[PDB]
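Only one chain is shown below, in structure tokens, and it's the form deposited in one PDB entry.
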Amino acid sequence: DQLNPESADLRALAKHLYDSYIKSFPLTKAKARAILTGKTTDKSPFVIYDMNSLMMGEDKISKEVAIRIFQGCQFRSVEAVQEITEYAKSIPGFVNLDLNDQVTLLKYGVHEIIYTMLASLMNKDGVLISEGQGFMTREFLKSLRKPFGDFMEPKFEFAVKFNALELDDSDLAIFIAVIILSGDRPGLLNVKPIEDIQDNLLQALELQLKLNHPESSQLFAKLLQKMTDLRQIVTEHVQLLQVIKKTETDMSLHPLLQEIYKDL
């Protein structure tokens, strides 16, 4: 039989992470795909695709429209940062790390994770919003005044590609744990304890994918290669925020987000 004690421990680790992910993230990929695909009469989103539907959306779900949307987006990111911080504490070994490194791991990790999980809420046509009650189209977003009309496009581009891996939540739980425990983060005090945890997470992810996706060759490698896409989305996003700060000096940014962005 395949399972030995070592691979048994990796299965127990996969199970624990999946459990913690479910407990930390109220809107899973499974729920998102059920809303998006019409496993539904109770789960249908209201669709925002223009100014009028936007106005009607606000009714059923003050400033300039681009700004309201961007701020709505900032607030959800703050929520996601909180959910991800709750999840991270569940990753075995994580809270036993030097407090400074915990902060560093989160600071550089959370945006990569946000866009990973945001892919679960996207298809080629738009993105779920407000806990799945709404769906805002990609074209509507793209139509926003400069520079806001461009903020979401690289996220959709990534999501379309990432979604072709067809990962489910149990896969993603291990993958986002791997992301958080990156020993290559800038300013880390003790890299070794992080690398040892990541090594364990990596073995767990490898096994999960082999078992969950037996006909999907080199999926593990293909998934690791996606980290390059995420890192690049994050860099572009930060650059676009520097532009927004200067053109929209009357627009405030959540300090939790501001501290994350500080010298990324």
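By rigid core we mean the largest C-alpha set that fits within 1.5 Å across both forms. Residue numbers run from 1 along the displayed sequence. Residues that one form lacks are left out of the comparison.
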No coordinates for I61 in a third or more of the other PDB entries: yes
Between neighbours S62 and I61, residues that the deposited sequence lists but the model omits: 10 or more
Higher-scoring stretch by recorded Cα B factor average, 154 to 162 or 167 to 175: 154 to 162
Higher-scoring stretch by recorded Cα B factor average, 232 to 240 or 192 to 200: 232 to 240
Peak C-alpha temperature factor (PDB record), options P92, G109, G149, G134: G149
Third assignment of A12 from its chain's C-alpha B-factors: middle
Third of the chain, ranked by Cα B-factor, where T85 sits: lowest
Third of the chain, ranked by Cα B-factor, where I113 sits: lowest
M122 - which third its CA temperature factor falls in, relative to the rest of the chain: lowest
CA B-factor placement of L144, once the chain's modelled residues are sorted into thirds: highest
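There is another form of this protein, the form solved in complex with a partner chain, and it is not shown here; the text below is about that form.
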Exercise: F94 in contact with the partner chain in the entry with it bound, heavy atom 4.5 Å: yes
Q82: touches the partner chain in the entry with it bound, heavy atom cutoff 4.5 angstroms: yes
Exercise: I129 in contact with the partner chain in the entry with it bound, heavy atom 4.5 Å: no
Proximity of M117 to the partner chain in the entry with it bound, heavy atoms at 4.5 Å: no
Proximity to the partner chain in the entry with it bound (heavy atom, within 4.5 Å), stretch among 133 to 141, 118 to 126, 82 to 90, 166 to 174: 82 to 90
Sole residue of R68, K222, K210, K43 shifting 2 angstroms or more in CA between the shown form and the other one, core aligned: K43
Displacement runs between the shown form and the other one, C-alpha, 2 Å or more, three or more consecutive residues, core aligned: 40 to 43
